[PDB]
Amino acid sequence: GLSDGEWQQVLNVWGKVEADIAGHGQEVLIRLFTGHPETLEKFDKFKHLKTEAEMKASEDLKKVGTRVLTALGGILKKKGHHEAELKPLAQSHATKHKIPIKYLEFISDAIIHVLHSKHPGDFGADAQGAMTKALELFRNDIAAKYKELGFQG
Ligand code: HEM
Ligand SMILES: O=N[O-]
Ligand SMILES: O=N[O-]
Ligand SMILES: O=N[O-]
């Protein structure tokens, strides 16, 4: 699904995120909210924010971005064997807060963009390819739980 070497390329670049979960989390969310303003409408706590200066100063947004990349790192490090980690994630993105699968695609794109901007010597062509497939797998498995939970994502 991913080869062992693709997982290695994923885990390597991810190691670089661990040195600043929070800074990365902010840059991913700013990239997401700026490329795709409608996604910001999903976060009741900071949906009123308008500009990037405001996003950068939000503690709530920073905390959300830390929680996203913390939960994703846990899932990636399972290297595909992530049924347990995915279960609560699917339940929360499909019930109270309904996150379209398309929005997981937007945030995937934003993660890939930030890793490339920040860690390019750790994220060449094949490594971007691998990360792209690892995120596709994550969304695919999430969409499958969406169905069981009665959310057409
Ligand atoms: C890599 C993709 C993502 C990951 C790993 C992720 C992870 C998480 C985690 C750990 C939580 C806290 C779970 C909890 O509240 O019990 C959460 C909650 C939430 N997320 Fe995400 N998230 C992702 C994508 C998104 C996107 C793209 C959006 C909106 C566009 C979003 C919107 C929300 C909202 C509204 C909540 C609160 C849900 C609740 O009250 O339980 N998430 N996410
Ligand atoms: O994307 N916040 O869970
Ligand atoms: O913008 N993706 O490298
Ligand atoms: O758009 N910042 O690489």
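Heads up: numbering here begins at 1 and tracks the sequence. Counting starts at 1 for both ligands and their atoms, in listed order.
The protein heavy atom nearest to atom 7 (C) of ligand 1 is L89 CD1, 3.3 Å. Among all protein heavy atoms, the one lying closest to atom 26 (C) of ligand 1 is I99 CG2, 3.8 Å. In this structure, atom 24 (C) of ligand 1 lies nearest to the protein heavy atom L104 CD2, 3.7 Å. Summary of contacts: the protein heavy atom closest to atom 35 (C) of ligand 1 is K42 O, 3.1 Å. The protein heavy atom nearest to atom 27 (C) of ligand 1 is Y103 O, 3.4 Å. At the shortest separation from atom 14 (C) of ligand 1 among protein heavy atoms lies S92 OG, 4.2 Å.
Other residues, nucleotides and ligands contribute over 12 non-hydrogen atoms within 6.0 Å of the NZ atom of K42.
In terms of polar-atom proximity, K96 is not counted as a contact of ligand 1, lacking any N or O under 3.5 Å from an N or O of the ligand. Taking any N or O of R67, backbone or side chain, at least one lies under 3.5 Å from an N or O belonging to ligand 1.
When side chains are defined from C-beta on, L40 does not count as touching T34, because their heavy atoms never get closer than 4.5 Å. The side-chain heavy atoms of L29 and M55, taken from C-beta on, include no pair separated by under 4.5 Å. Within the 4.5 Å cutoff, side-chain heavy atoms of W14 are placed close to those of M131.
Contact annotation: for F43 versus ligand 1, heavy atoms closer than 4.0 Å belong to the side chain alone. Heavy atoms of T70 found under 4.0 angstrom from ligand 1: none, in either backbone or side chain.
Under the 4.0 Å criterion applied to side-chain N and carboxylate O atoms, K56 and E52 are assigned as salt-bridge partners.
Between atom 21 (Fe) of ligand 1 and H97 there is no N/O/S contact shorter than 2.8 Å.
Nearest to atom 21 (Fe) of ligand 1, among the N, O or S atoms that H93 has, is NE2.
Ligand 1 is approached by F138 to a heavy-atom distance shorter than 4.0 Å.
Ring geometry for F106 against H36 counts as parallel: the plane angle stays under 30°, on a 0 to 90° scale with 60° as the upper cut.
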Item checked: Test log, rule salt bridge (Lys or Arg N to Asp or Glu O under 4.0 Å), inputs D60 and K63 -> CA-CA 5 Å; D60 284 346; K63 305 269 211 68; 5.2 Å; no
Item checked: Chi angles and distances behind the salt bridge (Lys or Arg N to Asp or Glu O under 4.0 Å) call for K145, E83 -> CA-CA 10 Å; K145 303 278 185 54; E83 162 74 18; 3.2 Å; yes
Check: So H93 and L89, side chain to side chain contact (heavy atoms under 4.5 Å, CB included) or not? Walk me through it.
Finding: CA-CA 6 Å; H93 296 70; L89 209 28; 3.3 Å; yes
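No option in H119, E18, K16, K118 other than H119 meets the side-chain hydrogen bond (donor to acceptor under 3.5 Å, both in side chains) test with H24.
For atom 20 (N) of ligand 1, the nearest protein heavy atom lies under 4.0 Å away.
Near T39, the atoms of ligand 1 lying under 4.0 angstrom from a non-hydrogen atom of the residue are 30 (C). Atoms of ligand 1 lying under 4.0 Å from any heavy atom of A71, numbered from 1 in the order shown and given with element: 10 (C).
The closest donor-acceptor contact from the side chain of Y103 to the backbone of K98 lies at 3.5 Å or more, if one exists at all.
Closest heavy-atom approach to atom 4 (C) of ligand 1 among the candidates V68, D44, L32: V68.
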